[PDB]
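Text of the file coords-v8.csv, holding CSV, C-alpha atoms and all ligand atoms:
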chain,number,residue,atom,x,y,z
A,1,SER,CA,150.0,116.2,53.8
A,2,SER,CA,150.2,117.5,50.1
A,3,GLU,CA,151.6,114.1,48.9
A,4,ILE,CA,148.5,112.2,50.3
A,5,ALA,CA,146.2,114.9,48.8
A,6,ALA,CA,147.3,114.4,45.2
A,7,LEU,CA,146.1,110.7,45.4
A,8,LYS,CA,142.9,111.9,47.2
A,9,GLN,CA,142.1,114.3,44.3
A,10,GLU,CA,143.0,111.6,41.6
A,11,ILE,CA,140.6,109.0,43.3
A,12,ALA,CA,137.8,111.7,43.4
A,13,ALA,CA,138.1,112.4,39.6
A,14,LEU,CA,138.3,108.6,38.7
A,15,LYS,CA,135.1,107.7,40.7
A,16,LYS,CA,133.4,110.4,38.5
A,17,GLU,CA,133.8,108.0,35.4
A,18,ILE,CA,132.5,104.9,37.2
A,19,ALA,CA,129.0,106.4,37.6
A,20,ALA,CA,128.6,107.5,33.9
A,21,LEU,CA,129.6,104.0,32.7
A,22,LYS,CA,127.0,102.3,35.0
A,23,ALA,CA,124.3,104.9,34.0
A,24,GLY,CA,124.5,103.8,30.3
A,25,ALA,CA,124.9,100.1,30.7
A,26,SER,CA,121.2,98.9,30.5
A,27,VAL,CA,119.9,95.7,28.8
A,28,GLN,CA,119.9,95.5,24.9
A,29,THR,CA,116.8,94.3,23.0
A,30,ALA,CA,116.0,93.0,19.5
A,31,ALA,CA,112.4,92.6,18.1
A,32,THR,CA,110.9,91.1,14.9
A,33,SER,CA,107.2,90.6,13.9
A,34,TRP,CA,105.3,88.7,11.1
A,35,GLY,CA,101.8,88.0,9.9
A,36,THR,CA,98.6,90.1,10.4
A,37,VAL,CA,97.9,89.3,14.1
A,38,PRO,CA,100.7,89.8,14.4
A,39,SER,CA,103.2,87.4,16.0
A,40,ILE,CA,106.1,89.3,17.9
A,41,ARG,CA,109.4,88.0,19.4
A,42,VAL,CA,111.5,90.3,21.7
A,43,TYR,CA,115.1,89.1,22.5
A,44,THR,CA,116.6,90.6,25.7
A,45,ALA,CA,120.4,90.3,26.2
A,46,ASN,CA,120.8,90.8,30.0
A,47,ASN,CA,124.2,90.0,31.8
A,48,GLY,CA,125.8,88.0,28.9
A,49,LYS,CA,122.6,85.8,28.7
A,50,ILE,CA,119.8,86.3,26.0
A,51,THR,CA,116.1,85.3,26.4
A,52,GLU,CA,113.0,85.4,24.2
A,53,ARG,CA,109.4,86.7,25.0
A,54,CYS,CA,106.6,85.9,22.6
A,55,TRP,CA,103.2,87.5,21.5
A,56,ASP,CA,100.8,85.4,19.4
A,57,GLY,CA,97.7,87.7,19.8
A,58,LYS,CA,96.6,86.7,23.4
A,59,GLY,CA,99.3,87.5,25.9
A,60,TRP,CA,103.1,87.4,26.4
A,61,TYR,CA,105.0,84.1,27.3
A,62,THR,CA,108.6,82.9,27.4
A,63,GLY,CA,110.0,81.4,24.1
A,64,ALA,CA,112.5,78.5,23.8
A,65,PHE,CA,115.6,80.6,22.8
A,66,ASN,CA,118.2,80.5,25.6
A,67,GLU,CA,121.7,81.4,24.4
A,68,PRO,CA,124.7,83.5,25.8
A,69,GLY,CA,125.4,87.1,24.5
A,70,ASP,CA,125.9,90.8,25.5
A,71,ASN,CA,124.4,92.2,22.2
A,72,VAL,CA,121.6,90.7,20.0
A,73,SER,CA,120.2,91.5,16.5
A,74,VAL,CA,117.4,89.5,14.8
A,75,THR,CA,115.6,89.2,11.3
A,76,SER,CA,112.7,86.9,10.4
A,77,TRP,CA,110.9,86.0,7.1
A,78,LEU,CA,107.8,83.8,6.1
A,79,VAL,CA,107.9,80.9,3.6
A,80,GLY,CA,104.1,80.8,3.4
A,81,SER,CA,102.8,80.8,7.1
A,82,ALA,CA,106.0,79.2,8.5
A,83,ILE,CA,108.3,81.8,10.2
A,84,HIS,CA,112.1,81.6,9.7
A,85,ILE,CA,114.1,83.6,12.4
A,86,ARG,CA,117.9,84.3,12.6
A,87,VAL,CA,119.2,85.7,16.0
A,88,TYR,CA,122.8,87.1,16.1
A,89,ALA,CA,124.3,86.9,19.6
A,90,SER,CA,127.5,88.9,20.2
A,91,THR,CA,130.1,88.2,23.0
A,92,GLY,CA,133.5,90.0,22.8
A,93,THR,CA,134.1,89.8,19.0
A,94,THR,CA,132.3,86.5,18.4
A,95,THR,CA,129.0,87.1,16.6
A,96,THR,CA,127.3,83.6,16.7
A,97,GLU,CA,124.1,83.1,14.7
A,98,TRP,CA,121.1,81.0,15.8
A,99,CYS,CA,118.4,79.6,13.4
A,100,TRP,CA,114.7,78.9,14.0
A,101,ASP,CA,113.0,77.0,11.1
A,102,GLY,CA,109.9,75.4,12.6
A,103,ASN,CA,111.1,72.8,15.1
A,104,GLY,CA,114.4,73.6,16.9
A,105,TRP,CA,117.1,76.3,17.4
A,106,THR,CA,120.3,75.3,15.6
A,107,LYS,CA,123.8,77.1,15.4
A,108,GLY,CA,124.1,78.8,12.0
A,109,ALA,CA,126.9,78.8,9.4
A,110,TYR,CA,127.4,82.5,10.0
A,111,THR,CA,131.1,83.5,10.2
A,112,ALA,CA,132.3,87.2,10.8
A,113,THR,CA,135.1,86.6,8.2
B,1,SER,CA,151.1,103.0,57.7
B,2,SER,CA,147.4,103.9,58.1
B,3,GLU,CA,147.8,106.8,55.6
B,4,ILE,CA,149.2,104.4,52.9
B,5,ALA,CA,146.3,101.9,53.7
B,6,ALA,CA,143.5,104.4,53.0
B,7,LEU,CA,144.7,104.7,49.3
B,8,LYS,CA,145.4,100.9,49.1
B,9,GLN,CA,141.7,100.2,50.0
B,10,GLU,CA,140.3,103.0,47.7
B,11,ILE,CA,142.5,101.7,44.8
B,12,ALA,CA,141.2,98.1,45.4
B,13,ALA,CA,137.6,99.2,45.0
B,14,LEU,CA,138.1,101.4,41.9
B,15,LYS,CA,140.3,99.0,39.9
B,16,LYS,CA,137.6,96.3,40.4
B,17,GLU,CA,135.1,98.3,38.2
B,18,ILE,CA,137.5,99.1,35.3
B,19,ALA,CA,138.0,95.3,34.4
B,20,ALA,CA,134.3,94.2,34.4
B,21,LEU,CA,133.1,97.2,32.3
B,22,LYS,CA,135.9,96.4,29.7
B,23,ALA,CA,135.0,92.7,29.9
B,24,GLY,CA,131.3,93.2,28.9
B,25,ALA,CA,131.8,95.9,26.2
B,26,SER,CA,131.3,93.6,23.1
B,27,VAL,CA,130.6,94.4,19.4
B,28,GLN,CA,127.2,95.5,18.1
B,29,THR,CA,125.3,93.9,15.2
B,30,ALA,CA,122.4,94.9,12.9
B,31,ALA,CA,120.7,92.4,10.4
B,32,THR,CA,118.0,92.7,7.7
B,33,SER,CA,116.6,90.1,5.1
B,34,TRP,CA,114.4,90.1,2.0
B,35,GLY,CA,112.9,87.7,-0.7
B,36,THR,CA,112.0,84.0,-0.1
B,37,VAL,CA,115.6,82.6,-0.4
B,38,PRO,CA,116.3,84.6,1.5
B,39,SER,CA,119.0,87.3,1.2
B,40,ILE,CA,120.5,88.4,4.6
B,41,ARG,CA,122.9,91.3,5.5
B,42,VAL,CA,124.6,91.5,8.9
B,43,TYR,CA,126.4,94.8,9.8
B,44,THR,CA,129.0,94.4,12.6
B,45,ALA,CA,130.2,97.6,14.4
B,46,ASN,CA,133.6,96.7,15.9
B,47,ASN,CA,136.1,99.3,17.3
B,48,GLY,CA,134.3,102.3,15.6
B,49,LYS,CA,134.4,100.5,12.2
B,50,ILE,CA,131.2,98.8,10.7
B,51,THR,CA,131.4,95.9,8.1
B,52,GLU,CA,128.8,93.9,6.1
B,53,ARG,CA,128.6,90.1,5.8
B,54,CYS,CA,126.1,88.8,3.1
B,55,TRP,CA,124.1,85.6,2.5
B,56,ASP,CA,122.4,85.0,-0.9
B,57,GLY,CA,121.5,81.3,-0.4
B,58,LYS,CA,124.9,79.6,-1.0
B,59,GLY,CA,127.3,80.8,1.7
B,60,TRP,CA,128.5,83.9,3.6
B,61,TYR,CA,130.8,86.6,1.9
B,62,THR,CA,131.9,90.2,2.6
B,63,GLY,CA,129.7,93.0,1.2
B,64,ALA,CA,130.8,96.4,0.0
B,65,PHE,CA,129.7,98.5,3.0
B,66,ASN,CA,132.7,99.9,4.8
B,67,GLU,CA,132.0,103.0,7.0
B,68,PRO,CA,133.0,104.2,10.6
B,69,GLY,CA,130.6,103.9,13.6
B,70,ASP,CA,130.3,102.5,17.2
B,71,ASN,CA,126.5,101.6,16.9
B,72,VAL,CA,124.5,100.6,13.8
B,73,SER,CA,120.8,100.0,12.9
B,74,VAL,CA,119.4,98.9,9.5
B,75,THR,CA,116.1,98.7,7.5
B,76,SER,CA,115.5,97.4,3.9
B,77,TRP,CA,112.5,97.3,1.5
B,78,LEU,CA,112.0,95.9,-2.0
B,79,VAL,CA,110.6,97.9,-5.1
B,80,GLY,CA,109.9,94.6,-7.0
B,81,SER,CA,113.1,92.5,-6.8
B,82,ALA,CA,115.4,95.5,-6.2
B,83,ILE,CA,116.5,95.8,-2.5
B,84,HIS,CA,116.8,99.3,-0.9
B,85,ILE,CA,118.9,99.4,2.3
B,86,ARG,CA,119.4,102.3,4.9
B,87,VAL,CA,122.2,101.7,7.5
B,88,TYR,CA,122.3,104.2,10.4
B,89,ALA,CA,125.9,104.5,11.7
B,90,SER,CA,126.4,106.3,15.1
B,91,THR,CA,129.6,108.0,16.6
B,92,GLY,CA,129.3,110.3,19.6
B,93,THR,CA,125.9,111.9,18.9
B,94,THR,CA,126.3,112.0,15.1
B,95,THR,CA,123.9,109.5,13.4
B,96,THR,CA,124.9,109.3,9.7
B,97,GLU,CA,122.8,107.4,7.2
B,98,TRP,CA,124.1,105.3,4.3
B,99,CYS,CA,121.8,104.4,1.3
B,100,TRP,CA,122.1,101.3,-1.0
B,101,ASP,CA,119.7,101.4,-4.0
B,102,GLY,CA,121.2,98.9,-6.5
B,103,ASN,CA,124.7,100.3,-7.4
B,104,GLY,CA,126.7,102.2,-4.8
B,105,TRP,CA,126.5,103.3,-1.1
B,106,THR,CA,125.8,107.0,-0.7
B,107,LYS,CA,125.5,109.4,2.4
B,108,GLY,CA,121.7,110.0,3.0
B,109,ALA,CA,119.8,113.2,3.8
B,110,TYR,CA,119.2,111.9,7.4
B,111,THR,CA,119.7,114.7,10.0
B,112,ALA,CA,119.0,114.0,13.7
B,113,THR,CA,117.3,117.5,14.0
C,1,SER,CA,158.1,110.8,46.6
C,2,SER,CA,158.5,107.0,46.7
C,3,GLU,CA,155.7,106.4,49.2
C,4,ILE,CA,153.2,108.4,47.1
C,5,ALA,CA,154.4,106.8,43.8
C,6,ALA,CA,152.5,103.5,44.5
C,7,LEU,CA,149.1,105.4,43.9
C,8,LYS,CA,150.6,107.5,41.1
C,9,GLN,CA,151.4,104.3,39.1
C,10,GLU,CA,147.9,102.8,40.0
C,11,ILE,CA,146.3,106.1,38.6
C,12,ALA,CA,148.5,105.9,35.4
C,13,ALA,CA,147.1,102.4,34.6
C,14,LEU,CA,143.5,103.2,35.6
C,15,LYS,CA,143.3,106.5,33.6
C,16,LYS,CA,144.3,103.9,31.0
C,17,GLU,CA,140.7,102.7,30.6
C,18,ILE,CA,138.5,105.9,31.1
C,19,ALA,CA,139.5,107.2,27.7
C,20,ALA,CA,138.6,104.0,25.8
C,21,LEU,CA,135.1,103.7,27.6
C,22,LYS,CA,134.3,107.4,26.7
C,23,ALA,CA,135.5,106.9,23.1
C,24,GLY,CA,133.1,104.0,22.3
C,25,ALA,CA,130.1,105.3,24.3
C,26,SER,CA,128.0,106.7,21.4
C,27,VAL,CA,124.2,107.0,21.0
C,28,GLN,CA,122.0,104.0,20.1
C,29,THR,CA,119.5,103.9,17.2
C,30,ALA,CA,116.6,101.7,15.8
C,31,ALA,CA,115.0,102.1,12.3
C,32,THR,CA,111.9,100.5,10.6
C,33,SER,CA,110.2,101.2,7.3
C,34,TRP,CA,107.0,100.2,5.4
C,35,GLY,CA,105.2,100.6,2.0
C,36,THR,CA,107.0,101.3,-1.4
C,37,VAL,CA,107.8,105.0,-0.8
C,38,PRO,CA,108.8,104.2,1.7
C,39,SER,CA,108.0,105.6,5.2
C,40,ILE,CA,110.9,105.2,7.6
C,41,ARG,CA,111.2,105.9,11.4
C,42,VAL,CA,114.6,106.2,13.2
C,43,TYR,CA,114.5,106.1,17.0
C,44,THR,CA,117.6,107.6,18.8
C,45,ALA,CA,118.2,106.7,22.5
C,46,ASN,CA,120.5,109.5,23.7
C,47,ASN,CA,121.3,110.2,27.4
C,48,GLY,CA,118.3,108.1,28.7
C,49,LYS,CA,116.0,110.0,26.3
C,50,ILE,CA,114.7,108.4,23.0
C,51,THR,CA,113.4,110.6,20.1
C,52,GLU,CA,111.8,109.8,16.6
C,53,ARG,CA,112.7,111.1,13.2
C,54,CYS,CA,110.4,110.5,10.2
C,55,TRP,CA,110.8,110.2,6.4
C,56,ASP,CA,107.5,110.0,4.3
C,57,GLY,CA,109.1,110.7,0.8
C,58,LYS,CA,109.8,114.5,1.0
C,59,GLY,CA,112.3,115.3,3.8
C,60,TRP,CA,113.0,114.4,7.4
C,61,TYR,CA,110.9,115.7,10.4
C,62,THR,CA,110.5,115.0,14.1
C,63,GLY,CA,107.9,112.3,15.2
C,64,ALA,CA,105.6,112.4,18.2
C,65,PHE,CA,107.4,109.6,20.1
C,66,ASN,CA,109.2,111.1,23.2
C,67,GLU,CA,109.9,108.5,26.0
C,68,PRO,CA,112.9,107.7,28.3
C,69,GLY,CA,115.4,104.9,27.5
C,70,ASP,CA,119.2,104.0,27.1
C,71,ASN,CA,118.6,101.2,24.6
C,72,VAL,CA,115.8,101.0,21.9
C,73,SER,CA,114.5,98.3,19.5
C,74,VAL,CA,111.6,98.6,17.0
C,75,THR,CA,109.4,96.4,14.8
C,76,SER,CA,106.4,97.5,12.6
C,77,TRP,CA,103.7,95.8,10.4
C,78,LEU,CA,100.8,97.0,8.1
C,79,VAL,CA,97.1,96.1,8.4
C,80,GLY,CA,96.3,97.4,4.9
C,81,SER,CA,97.9,100.9,4.6
C,82,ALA,CA,97.7,101.5,8.4
C,83,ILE,CA,101.2,101.1,10.2
C,84,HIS,CA,101.5,99.5,13.6
C,85,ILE,CA,104.8,100.2,15.5
C,86,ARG,CA,106.1,98.7,18.8
C,87,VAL,CA,109.2,100.4,20.3
C,88,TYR,CA,110.9,98.6,23.2
C,89,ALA,CA,112.7,101.2,25.4
C,90,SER,CA,115.2,99.8,28.0
C,91,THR,CA,116.3,101.4,31.3
C,92,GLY,CA,118.4,99.3,33.7
C,93,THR,CA,116.6,96.0,33.3
C,94,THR,CA,113.1,97.6,32.6
C,95,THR,CA,112.1,96.9,29.0
C,96,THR,CA,109.0,99.1,28.6
C,97,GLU,CA,107.0,98.8,25.3
C,98,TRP,CA,105.3,101.7,23.4
C,99,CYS,CA,102.5,101.1,20.8
C,100,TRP,CA,101.5,103.2,17.7
C,101,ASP,CA,98.3,102.1,16.0
C,102,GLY,CA,97.2,105.2,14.1
C,103,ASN,CA,96.3,107.9,16.7
C,104,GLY,CA,98.4,108.0,19.9
C,105,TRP,CA,101.4,106.2,21.6
C,106,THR,CA,100.2,104.0,24.5
C,107,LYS,CA,102.2,101.9,27.0
C,108,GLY,CA,101.9,98.2,25.9
C,109,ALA,CA,101.2,95.0,27.8
C,110,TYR,CA,104.8,93.7,27.3
C,111,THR,CA,106.3,92.3,30.6
C,112,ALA,CA,109.9,90.9,30.6
C,113,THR,CA,108.7,87.9,32.7
D,201,LIG,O1,105.6,79.6,19.9
D,201,LIG,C1,106.8,79.8,20.6
D,201,LIG,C2,108.0,79.6,19.6
D,201,LIG,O2,107.7,80.4,18.5
D,201,LIG,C3,108.7,80.2,17.5
D,201,LIG,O3,108.4,80.9,16.3
D,201,LIG,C4,110.1,80.6,18.0
D,201,LIG,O4,110.1,82.0,18.2
D,201,LIG,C5,110.4,79.9,19.3
D,201,LIG,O5,111.6,80.5,19.9
D,201,LIG,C6,109.3,80.0,20.3
D,201,LIG,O6,109.5,79.1,21.4
D,202,LIG,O1,119.7,76.4,7.7
D,202,LIG,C1,120.7,77.1,8.4
D,202,LIG,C2,121.2,78.3,7.5
D,202,LIG,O2,120.1,79.2,7.2
D,202,LIG,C3,120.5,80.2,6.3
D,202,LIG,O3,119.3,81.0,6.0
D,202,LIG,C4,121.5,81.1,7.0
D,202,LIG,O4,121.0,81.8,8.1
D,202,LIG,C5,122.7,80.2,7.4
D,202,LIG,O5,123.6,81.1,8.2
D,202,LIG,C6,122.3,79.0,8.2
D,202,LIG,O6,123.4,78.2,8.4
D,203,LIG,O1,125.8,91.3,-3.3
D,203,LIG,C1,126.5,92.0,-2.4
D,203,LIG,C2,125.9,93.4,-2.2
D,203,LIG,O2,124.5,93.3,-1.9
D,203,LIG,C3,123.8,94.5,-1.9
D,203,LIG,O3,122.4,94.3,-1.7
D,203,LIG,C4,124.4,95.4,-0.7
D,203,LIG,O4,124.0,94.7,0.5
D,203,LIG,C5,125.9,95.5,-0.8
D,203,LIG,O5,126.4,96.1,0.3
D,203,LIG,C6,126.6,94.2,-1.1
D,203,LIG,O6,127.9,94.4,-1.4
D,204,LIG,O1,117.9,108.6,-2.1
D,204,LIG,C1,118.5,108.9,-0.8
D,204,LIG,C2,117.3,109.1,0.2
D,204,LIG,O2,116.6,107.9,0.3
D,204,LIG,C3,115.4,108.1,1.1
D,204,LIG,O3,114.6,106.9,1.2
D,204,LIG,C4,115.8,108.5,2.6
D,204,LIG,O4,116.5,107.4,3.2
D,204,LIG,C5,116.8,109.7,2.6
D,204,LIG,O5,117.3,109.9,3.9
D,204,LIG,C6,117.9,109.5,1.5
D,204,LIG,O6,118.6,110.8,1.4
D,205,LIG,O1,103.5,111.2,10.6
D,205,LIG,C1,104.2,111.3,11.8
D,205,LIG,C2,103.8,110.1,12.7
D,205,LIG,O2,103.9,108.9,12.0
D,205,LIG,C3,103.4,107.8,12.7
D,205,LIG,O3,103.4,106.6,11.9
D,205,LIG,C4,104.2,107.5,13.9
D,205,LIG,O4,105.6,107.1,13.5
D,205,LIG,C5,104.3,108.8,14.8
D,205,LIG,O5,105.3,108.6,15.8
D,205,LIG,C6,104.7,110.0,13.9
D,205,LIG,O6,104.5,111.2,14.7
D,206,LIG,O1,97.2,97.0,21.5
D,206,LIG,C1,98.3,97.0,22.4
D,206,LIG,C2,99.0,95.6,22.3
D,206,LIG,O2,99.5,95.4,21.0
D,206,LIG,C3,100.0,94.0,20.9
D,206,LIG,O3,100.4,93.8,19.5
D,206,LIG,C4,101.2,93.8,21.8
D,206,LIG,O4,102.3,94.6,21.4
D,206,LIG,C5,100.8,94.1,23.3
D,206,LIG,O5,102.0,94.2,24.1
D,206,LIG,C6,100.1,95.5,23.4
D,206,LIG,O6,99.5,95.6,24.7

Can the structure in the file be given as structure tokens, please?
Amino acid sequence: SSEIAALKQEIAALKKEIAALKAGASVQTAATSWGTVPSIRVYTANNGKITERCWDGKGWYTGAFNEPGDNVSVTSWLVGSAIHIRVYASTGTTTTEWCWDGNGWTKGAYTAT
Amino acid sequence: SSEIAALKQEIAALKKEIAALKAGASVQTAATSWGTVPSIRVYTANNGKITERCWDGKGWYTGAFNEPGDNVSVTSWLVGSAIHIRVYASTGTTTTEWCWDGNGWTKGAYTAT
Amino acid sequence: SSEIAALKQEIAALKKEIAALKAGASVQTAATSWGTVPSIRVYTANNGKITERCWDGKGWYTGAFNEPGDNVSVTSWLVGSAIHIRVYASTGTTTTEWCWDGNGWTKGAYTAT
């Protein structure tokens, strides 16, 4: 029938969008580095869950940071040799900040407004 | 009817993908910092509109930067105590650069090719 | 047709999602800068292909870096005047790191686990 064909053509054009939206949806990474060695941290936001890989000159290992998010951005600064890191984990419209300051990750004061 | 069932099954498999892709599409952040205090700037690209939160040691407030974009990246350097910031705002395939150099945001020379 | 209207209404609500997912799908950028001049590098991940634009104080030109990825993050550090740049290109779940250390991009040790 022609009535059944109209929905068949509509379902063929709509399945064409479902492949282009799954082709672009990869992970989402943030990296910062400090010192002369250096030291590197790479935050990987995979499936609404962020994790932290670390380089200290020798090899790579898994850092402590373990927080939820779809998008991540990071900045770090030294006060002498001590590294201060701020990771910004985004879910929906809720950017939530995390703070490393030598011994422990803590939720930060950061508010979007 | 079996002719009405073929579209019911096809519509059940297609509608399942449209909800999960919209559920995971979150906002997108860039951050930079400078000095010892420090000073931080977080740019948040939400609904094709980027905005700038600031921290200068006391609390968080809203910065001047107000430009359109779906994706943002940022880098900053000091010439002494003066901060220079370049924010790269992306819409479609048009990366457009915004320069802060002490007094006023301006469009930068940046061309993708 | 009343029998064919059930899929016509389902297609009217599902085409109500493919416009908003194609409106927000822009390119994805990552910038870093060093020195006092400065020198900037902006990496642009477009259509699973990343490219590198360079500013060294004169105008913008096209950098060597030419690797595949849908998402990109960058950090860099100086050992004296020499720049070292690690770019983290992401496809699917495969974060693959690229290293610049003066003469040549090389695949780096980085492993996600
Ligand atoms: O040495 C490993 C630790 O390094 C710190 O600077 C932080 O990045 C922690 O998240 C990490 O667990
Ligand atoms: O000590 C925690 C505080 O650190 C500051 O540098 C900022 O990042 C604040 O958002 C945070 O609450
Ligand atoms: O002090 C607030 C101002 O700080 C500057 O360095 C810039 O980041 C401006 O966008 C901001 O309005
Ligand atoms: O002064 C504005 C200029 O600043 C330079 O450092 C670059 O960022 C250029 O793209 C920009 O046009
Ligand atoms: O001078 C151009 C070169 O600069 C280097 O520092 C790297 O960024 C290369 O990718 C680039 O080709
Ligand atoms: O020299 C190459 C090496 O550089 C280090 O700083 C790390 O980025 C390693 O992942 C990489 O293998």

Superposing chain A on chain B by least squares with every Cα paired in order, what RMSD results?
0.5 Å

Neighbourhood of ligand LIG 201 (chain D) at 6 Å, counting only C-alpha atoms and all ligand atoms, reported as a PDB file with C-alpha atoms, keeping the file's coordinate frame:
ATOM      1  CA  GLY A  63     110.000  81.400  24.100  1.00  0.00           C
ATOM      2  CA  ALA A  64     112.500  78.500  23.800  1.00  0.00           C
ATOM      3  CA  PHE A  65     115.600  80.600  22.800  1.00  0.00           C
TER       4      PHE A  65
END

If the limit is 6 Å from any atom of ligand LIG 206 (chain D), counting all atoms listed in the file, which residues qualify? Return them as JSON, numbers by chain.
{"C": [108, 109, 110]}

When the cut-off is 9 Å and we count all atoms listed in the file, which residues of chain A are near chain B, given as a compact mmCIF listing (two decimals) with C-alpha atoms, keeping the file's coordinate frame?
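Produced file iface09.txt, reproduced below:
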# COMPACT_ATOMS: atom_id res chain seq x y z
CA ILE A 4 148.50 112.20 50.30
CA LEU A 7 146.10 110.70 45.40
CA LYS A 8 142.90 111.90 47.20
CA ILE A 11 140.60 109.00 43.30
CA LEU A 14 138.30 108.60 38.70
CA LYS A 15 135.10 107.70 40.70
CA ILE A 18 132.50 104.90 37.20
CA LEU A 21 129.60 104.00 32.70
CA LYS A 22 127.00 102.30 35.00
CA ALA A 25 124.90 100.10 30.70
CA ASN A 47 124.20 90.00 31.80
CA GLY A 48 125.80 88.00 28.90
CA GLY A 69 125.40 87.10 24.50
CA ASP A 70 125.90 90.80 25.50
CA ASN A 71 124.40 92.20 22.20
CA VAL A 72 121.60 90.70 20.00
CA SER A 73 120.20 91.50 16.50
CA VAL A 74 117.40 89.50 14.80
CA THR A 75 115.60 89.20 11.30
CA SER A 76 112.70 86.90 10.40
CA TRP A 77 110.90 86.00 7.10
CA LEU A 78 107.80 83.80 6.10
CA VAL A 79 107.90 80.90 3.60
CA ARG A 86 117.90 84.30 12.60
CA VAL A 87 119.20 85.70 16.00
CA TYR A 88 122.80 87.10 16.10
CA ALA A 89 124.30 86.90 19.60
CA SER A 90 127.50 88.90 20.20
CA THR A 91 130.10 88.20 23.00
CA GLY A 92 133.50 90.00 22.80
CA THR A 93 134.10 89.80 19.00
CA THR A 94 132.30 86.50 18.40
CA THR A 95 129.00 87.10 16.60
CA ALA A 109 126.90 78.80 9.40
CA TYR A 110 127.40 82.50 10.00
CA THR A 111 131.10 83.50 10.20
CA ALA A 112 132.30 87.20 10.80
CA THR A 113 135.10 86.60 8.20

Using all atoms listed in the file, determine which residues lie at most 8 Å from residue B:101, disregarding the query and same-chain residues fewer than 3 positions distant; provide the list as a ChimeraX atom specification.
/B:82-85,104-105

Have a look at atom CA of residue A:106 and atom CA of residue B:56 and let me know their distance in Å, one decimal.
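We find that atom CA of residue A:106 and atom CA of residue B:56 lie 19.3 Å from each other.
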
Which value, in Å to one decimal, gives the distance between atom CA of residue A:9 and atom CA of residue C:1?
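Going from atom CA of residue A:9 over to atom CA of residue C:1 covers 16.5 Å.
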
d(atom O4 of ligand LIG 202 (chain D), atom CA of residue A:49) in Å:
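Result for atom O4 of ligand LIG 202 (chain D) versus atom CA of residue A:49: 21.0 Å, one decimal.
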
Counting only C-alpha atoms and all ligand atoms, closest pick from A:2, A:96, A:81, A:66 relative to ligand LIG 202 (chain D) is A:96

Which is closer to ligand LIG 203 (chain D) than all the others in B:12, B:39, B:19, B:97, using all atoms listed in the file?
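For ligand LIG 203 (chain D), the nearest of the given residues is B:39.
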